[PDB]
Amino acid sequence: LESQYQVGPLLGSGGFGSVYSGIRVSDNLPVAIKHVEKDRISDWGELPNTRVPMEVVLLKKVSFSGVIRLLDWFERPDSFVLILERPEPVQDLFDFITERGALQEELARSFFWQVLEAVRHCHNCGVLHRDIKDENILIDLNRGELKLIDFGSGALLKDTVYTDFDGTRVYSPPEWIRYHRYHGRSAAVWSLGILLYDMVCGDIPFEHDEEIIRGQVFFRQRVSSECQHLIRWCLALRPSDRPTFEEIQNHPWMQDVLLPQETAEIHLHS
């Protein structure tokens, strides 16, 4: 039903589908209208009632402003339509880093803290995101709040071992590159290590499988000794040597984070 929603500009497209700017005309709330062709769907879950894309299962399990909320969804002959909340104004973290380069550690601390608190929510809901990166993080520029997006690559969190992966290869851990095996939490800490390096250096540290396997971090920007330690810790080659969400948020570099609105007034011109 596109009598219930008003379609706007095509915000973007790619491996996740095609997302449009939209408005729910009942109350004029800004929304996002995601389209997914059924033939391009990798993983199918099913609601407790019918066969849906696994993204719908995961979204309802985690649907809080750290994770984007799934509002409604429709089934078409050959596509699925998702209705997601849309902040206003927004800029995804990838564009934000492209325009401003390496971020101040106070800003990265706030951004990195919220993502930690955001994926902590996903795991508590039984959801593993499997594609943590700056492209999949939105910045609510008025409130200073980051929202996680794109659950089209995730899975139900499980304590056993994974053997499939349809996420971003430069963010995948070395155990996946060599053995095509990983555990969700430890692989998530690795990608969080890539994400933290990306924020403080302006670009990701690895581009080829050889560097992922070697696990040697070179810093191309001035980074505090504390932030380097936490980054290298998250990027430890053996998964069991990596920190836990608790060990990360107790780290010296993660102390005295700004509140989200504080972050917007100082760093986002709010």
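Note that residue numbering begins at 1 and tracks the sequence as displayed.
J.: According to the PDB entry, how many deposited residues between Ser240 and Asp241 are absent from the model (none, 1 to 3, 4 to 9, 10 or more)?
T.: Unresolved stretch here: none.
J.: How many residues that are in the deposited sequence but not in the model lie between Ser63 and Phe64: none, 1 to 3, 4 to 9, or 10 or more?
T.: Missing residues, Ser63 to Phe64: 1 to 3.
J.: Look over 220 to 228 and 65 to 73 in the entry and identify the one with the greater average Cα temperature factor.
T.: The entry gives the higher C-alpha B-factor average to 65 to 73.
J.: Comparing average C-alpha B factors as deposited, tell me which of 25 to 33 and 197 to 205 sits higher.
T.: The stretch with the larger average C-alpha B-factor is 25 to 33.
J.: Report the option among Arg130, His123, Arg169, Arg100 whose CA atom has the maximum B-factor in the deposited record.
T.: That would be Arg100, according to the entry.
J.: Per the PDB entry, which option out of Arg185, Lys158, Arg86, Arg109 has the greatest Cα B factor?
T.: In this record, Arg86 carries the highest C-alpha B-factor of the candidates.
J.: Sort the modelled residues of this chain by their C-alpha B factor and say whether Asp150 lands in the lowest, middle or highest third.
T.: Highest third.
J.: Where does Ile213 sit by CA temperature factor within its chain: lowest, middle or highest third?
T.: According to the entry, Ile213 has a C-alpha B-factor in the chain's highest third.
J.: Based on the entry's values, in what third of the chain does the Cα temperature factor of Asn142 lie: lowest, middle or highest?
T.: According to the entry, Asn142 has a C-alpha B-factor in the chain's highest third.
J.: Going by the recorded CA B-factors, say which third of the chain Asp78 sits in, lowest, middle or highest.
T.: Top third by C-alpha B-factor.
J.: Among all modelled residues of this chain, ranked by Cα B factor, put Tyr179 in the bottom, middle or top third, i.e. lowest, middle or highest.
T.: Its C-alpha B-factor belongs to the highest third of this chain's values.
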